[PDB]
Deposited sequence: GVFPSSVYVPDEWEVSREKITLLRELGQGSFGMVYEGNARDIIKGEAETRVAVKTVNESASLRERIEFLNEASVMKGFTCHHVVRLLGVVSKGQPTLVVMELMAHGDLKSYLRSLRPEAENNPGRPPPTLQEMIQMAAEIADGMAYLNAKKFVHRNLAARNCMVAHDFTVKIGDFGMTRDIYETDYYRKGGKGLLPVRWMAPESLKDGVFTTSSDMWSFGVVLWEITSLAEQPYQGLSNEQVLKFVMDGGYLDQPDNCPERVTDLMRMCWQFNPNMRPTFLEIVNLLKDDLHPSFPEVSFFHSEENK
């Protein structure tokens, strides 16, 4: 493992980063809420998420932390959480990401339940909002597929929610309840198995983040899904999203839609800004 990171236009002066509070444990270590001065042209200050590697990390893990930041430089998708800057001079290394103020999608969904103690005084997602979420997630996944990344871990806990409620793909032992039968059987992960996970995300949206296969152990889920089992439809689930889930959960991975096919299905009734920001409508597609 050697440093591929070139201290370039992405390099941010450490003193430009002010840390406000802990947000929680990320993959590599603590994630902080921060404020960054003059990192984006036209903005004097930018709210940011700041990732760090935990103190127990090896030298290798620190190098791998910085190499991941280097990879993220190549991504410019509105529906994938974006890198803003890197502090690689001295320790600790800081990886500065766009802030997603409403946190992960699973927790956000669970907050909108009628019984929730942390309910923000708003109704649960409307059909329109759920379709919008689905399209945004699908577009972000379409982009990563075009970049030749198989996600392997798609779940509501791994999607993030912005200030304006835009949903984006976040960070990319086994999550068996989100896994396709062929992955459970042979450990084969493809964009087609990512599509299976996408259907589970739709199920999480329409159940306000219930635990998939509640009342079944992980061993029972493994067998159930490999045998051709899949999730039941949530109570009063909109027909349109039920239809998407059905496609996603075809046993033959060849018979599942692609992420571009999903966006295309949903494109005719989305927010006006969608074609201006999406990978789907971009010249890159």
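- Stretches of the deposited sequence absent from the structure, as judged by C-alpha coordinates, are 1-3, 176-193, 307.
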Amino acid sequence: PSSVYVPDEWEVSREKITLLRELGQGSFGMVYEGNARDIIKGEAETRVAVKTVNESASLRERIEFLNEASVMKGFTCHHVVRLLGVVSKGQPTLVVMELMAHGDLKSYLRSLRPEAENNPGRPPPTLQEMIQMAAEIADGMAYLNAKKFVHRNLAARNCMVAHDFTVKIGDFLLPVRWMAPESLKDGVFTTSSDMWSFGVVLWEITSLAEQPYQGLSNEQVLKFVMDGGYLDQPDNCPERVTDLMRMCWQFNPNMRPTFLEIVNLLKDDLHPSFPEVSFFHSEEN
From here on, numbers count along this sequence of modelled residues.
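- Taking the mean C-alpha B-factor of each stretch as recorded, 162-170 and 88-96 are not equal, and the higher mean is that of 88-96.
- The mean C-alpha temperature factor is higher for 70-78 when 70-78 and 199-207 are set side by side.
- You'll see in the entry that, of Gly103, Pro181, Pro212, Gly140, the Cα B factor peaks at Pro212.
- In the PDB entry, a CA B factor belonging to the lowest third of its chain's modelled residues is recorded for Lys147.
- Among all modelled residues in its chain, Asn218 ranks in the highest third by Cα B-factor.
- The deposited CA B-factor of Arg110 belongs to the lowest third of values across its chain.
- Compared with the other modelled residues of the chain, the Cα B-factor recorded for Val263 ranks in the lowest third.
- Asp227: CA B factor in the lowest third of modelled residues in this chain (values from the PDB entry).
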